[PDB]
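For reference, the chains in residue letters:
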Amino acid sequence: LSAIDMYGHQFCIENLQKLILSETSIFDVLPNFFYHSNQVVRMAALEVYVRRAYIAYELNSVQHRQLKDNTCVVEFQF
Amino acid sequence: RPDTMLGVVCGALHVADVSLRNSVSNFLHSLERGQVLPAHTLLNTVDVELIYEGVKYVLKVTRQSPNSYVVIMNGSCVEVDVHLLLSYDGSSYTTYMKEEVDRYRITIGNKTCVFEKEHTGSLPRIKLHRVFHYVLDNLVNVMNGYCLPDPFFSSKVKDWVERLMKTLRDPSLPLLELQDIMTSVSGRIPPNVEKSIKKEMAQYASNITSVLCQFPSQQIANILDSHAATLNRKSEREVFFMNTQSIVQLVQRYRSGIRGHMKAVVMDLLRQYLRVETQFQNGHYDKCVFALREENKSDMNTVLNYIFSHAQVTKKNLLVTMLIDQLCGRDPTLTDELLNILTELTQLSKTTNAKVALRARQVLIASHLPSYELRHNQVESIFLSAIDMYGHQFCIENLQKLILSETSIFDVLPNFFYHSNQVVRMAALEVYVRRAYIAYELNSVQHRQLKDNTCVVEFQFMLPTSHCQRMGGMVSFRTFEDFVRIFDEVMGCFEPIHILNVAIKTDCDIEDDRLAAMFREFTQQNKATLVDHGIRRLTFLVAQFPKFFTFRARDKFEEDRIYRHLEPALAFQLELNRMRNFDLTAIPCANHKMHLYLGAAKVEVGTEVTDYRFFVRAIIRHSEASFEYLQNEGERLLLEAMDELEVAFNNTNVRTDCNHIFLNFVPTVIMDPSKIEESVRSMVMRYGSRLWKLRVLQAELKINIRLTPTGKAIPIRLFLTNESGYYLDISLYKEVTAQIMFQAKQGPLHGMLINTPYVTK
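Residues numbered from 1 in each chain as written, not as in the entry; some residues may be left out. Chains lettered and ligands numbered in written order. Part of a larger assembly, values for the part shown. Heavy atoms only, no water.

### Some details on the overall build of chain A
Argument step 1. What chain A contains, in helices and strands, is 3 helices and 2 strands.
Argument step 2. Ordered by position from N to C terminus, the α and β elements of chain A give α-α-α-β-β.
Argument step 3. At 12 Å, chain A has a C-alpha radius of gyration in line with the 12 Å of a compact globule built from 78 residues.
Argument step 4. Along the first, second and third principal axes, the C-alpha atoms of chain A reach 35 × 30 × 20 Å.
Argument step 5. In chain A, which comprises 78 residues, the proportion classed as buried is 23%.
Argument step 6. A separation of at least 24 residues holds for 35% of the contacts in chain A among residues at least 6 apart in sequence.
Argument step 7. Carbon together with sulfur atoms contributes 55% to the accessible area of chain A, which is approximately 6,000 Å² in total. (Helix = DSSP H or I, 4+ residues; strand = E, 2+ residues; numbered from the N terminus. Rg over C-alpha atoms; globule rule 2.2 N^0.38 Å. Buried < 20%, exposed > 50% of the residue type's maximum accessible area, 1.4 Å probe, protein only. Contact = heavy atoms within 4.5 Å. Areas by Shrake-Rupley, 256 points an atom, 1.4 Å probe, with all protein chains shown as cover.)

### A closer look at the environment of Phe545(B)
All names here are of chain B.
Argument step 1. Mapped onto the secondary structure, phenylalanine 545 falls in the loop between β14 (537–542) and β15 (547–552).
Argument step 2. Exposure remark for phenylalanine 545: the relative accessible area of 37% places this residue in the partly exposed category.
Argument step 3. Along the primary structure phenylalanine 545 and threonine 585 are separated by 40 residues, whereas in three dimensions their C-alpha atoms are 22 Å apart.

### Quick notes on the pairing of strand β9 (residues 112–116) of chain B
All names here are of chain B.
Argument step 1. Two elements, strand β8 (residues 103–107) and β9, share 5 bridges in a ladder whose sense is antiparallel. By the bridge assignment, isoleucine 106 is partnered in β9 with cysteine 113.
Argument step 2. Counted along the chain from β8 to the antiparallel partner β9, the turn is 4 residues long, and its residue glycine 109 has a positive phi close to 90 degrees. (Pairing = 2+ DSSP bridges.)

### Notes on helix α8 (residues 258–280) of chain B
Argument step 1. Taking 1.5 Å of rise per residue, 23 residues should cover 33 Å, and α8(B) covers 32 Å from first to last C-alpha, within 8% of that figure.
Argument step 2. Of the residues making up α8(B), those classed as buried are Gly260(B), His261(B), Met262(B), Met267(B), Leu270(B), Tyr273(B), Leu274(B), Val276(B), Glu277(B) and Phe280(B). (Expected span 1.5 Å × (residues − 1).)

### Notes on the environment of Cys589(B)
Residues and elements named next belong to chain B.
Argument step 1. Looking at where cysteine 589 falls in the secondary structure, it is placed in the loop between β16 (583–587) and β17 (595–600).
Argument step 2. For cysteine 589, a relative accessible area of 10% puts it in the buried group.
Argument step 3. Not counting chain neighbours up to four residues away, the residues in contact with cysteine 589 comprise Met594, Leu596 and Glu644.

### Some thoughts on the packing of helix α4 (residues 173–184) of chain B against helix α5 (residues 191–207) of chain B
Residue and element names in this part refer to chain B.
Argument step 1. Close contact between α4 and α5 brings their axes to 9 Å; oriented N to C, the two are set at 150 degrees. Put simply, α4 runs roughly antiparallel to α5. For the pair α4 and α5, the sense of crossing is left-handed. Two secondary-structure elements touch here, α4 through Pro174, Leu175, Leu178, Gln179 and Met182 and α5 through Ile197, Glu200, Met201, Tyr204 and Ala205.
Argument step 2. Considering only residue class, the contact of α4 with α5 consists of 8 nonpolar, 1 polar and 1 charged. (Axes fitted to C-alpha atoms, helices over the stretch in contact; angles between N-to-C directions. Parallel < 35°, antiparallel > 145°, perpendicular 65-115°, else oblique. Left-handed = near helix turned anticlockwise from the far one by under 90°. Nonpolar A, V, L, I, M, F, W, Y, C, P; charged D, E, K, R; others polar.)

Below, the structure written as structure tokens:
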């Protein structure tokens, strides 16, 4: 929460590298917030989960959509 | 041979220096002869006007500090110092002066230059240890009351004071002064005491920036104390004497900290000012000068610096307020010795010494309760904490504590409806809505949410007879530019029946003219707003009381002047229709609470206006204590207001006679009516001649008060009545129901309703 911009950028790629080269497993609490009330923590947490899923394959594009109001969407492309 | 501008310099300050000292010697004539000369004759300012080659040189010269003389070109300031020794830009020079009846003849060594006496420019002719000592001493010579060369002071001291206070908090001071002093008395030295001092200055230096760093005062003193203990019998101790003193007064300042100084130096300096100008005031200038004269009849020079000082009291006096003010920047738990001086300070009894007293009280209360940006941090807590932060978002009971807040909260709350958490965003923002249009009835409000960068609120209400239904829009924004590029969605998602107020940031600045003029010219450049089915109203709200920018025109003139800095739904309650038989011009003014209008009696085409009254209309909500506080704030407002009304005279003059004061007290005190009547008596009585110069004859207040036995707030429109003469009538009524009704004694013009337009002669 400290790291995240919480502007539209939400550019924590270096912190994302701490997430992806974490000795510590972060599937524990991360789920507790990727459904928090906070559009930013939603977006960030959810796509990092994607990335942590498909670390094996090559991801060439991922865009979040945000529809009607109550749905948070991430896009995969690989 | 010489350089012209040097010529002007050495001219101006040679004639000056001679004249200034002579003026002193003229005083010494008068003082041996027991003559009470007017202060002015001591002649700081020396006005030399010297035309070389057609261009006149226009000058004044004011001695600024015992070393320092200031040459003033058309209100410029260049500072040199003397003893004949001259100090200039480059170096030290030698000048000789021949003066004539009407020519000014300067010889600079073997060289002569001659000027006849028969524009706009300034000269650029221009570490913490000396910046400190130097600047402090210069200001205390300034501020013992010498006088002042130009306007720049009210700025100059402000910068100066921050360098002092700031370099005085900086705990590298004792280091910089104990380095520099113990280096400059490095010899004559006993190494026990030298290895002690040099070690411990060095690890004050190493241990500075520690959380727990205090000066080792007791330690240095004790070492000195023990080997003074064994040098005591000796009586070969005058080297030791001048090191044990040079060390003991430096260490003596530093036991109680940087606020060892903030107490000591400023408190003393305060009593310096205090004592001087308190002995100064006991009756009137002449008689007081004879009592001053006679307490020290033989000499008058210390007194003359005193007399010289109270000529420019307000300079001293304002800056005294500055000093206390930033002291109160760090007061909140001060001390007995100080509060003692403060109760001494309240007794001060003269028109000139009128700020310090109000300062004494304002300090003593704001001491009891913070009301500035630090408590803006406290409100950060109250507001954000008070929010519920869910789809509930219910804080209606808290909204009534906002609406029954002793503290006025239209000030800081606007600063928060653009924070960064969308639910609390929503909550805080709608509470702002509710607090804007609480006057009319709101029957529907939907939060909107657009694209990503705009938060929109909707209003839904109707007209209670102001002049059927309408909606509204609020938007929270970061810069005006974005506002004009995010233009297209605000009217994108919008008889115009919409109210539109837009919140912007960027904290408007010096260019008020081009500022709002630009804003208005946003409307006239793009009437595109008009093309989108028209907008009833456009208020731009710029945050910091946020400065409002009222643009009323569905089909009207671009920009509204009576209500600038104000929102007209809540503003209407200043019953401003009670002067429709008048022509009033909104003048922008400090104390912006206080909107003062100059009134010309509105008449029909058949006739030309007969009345020309100054109106000053305020609004009151500045946060037993409250009632007295109310009075004190009123007094402060009165002095600023009379500054403003002075500007009003200068700007436009019509020589008003029966000036009006309109006061809307929005707090809710608990008090009795007749001690209120004595208190206001004491106020109005306390101020005498000043009232008669402006010849203010009419004052109106209202004030909601309550009584905690009922805990029930009633309004009491008190109207004040005073005519020619200092004879004063207080009119108290009651407000009775449906159009409210003044009902009492017997008072002339007893019983009428409230929206009574003002009688025109």
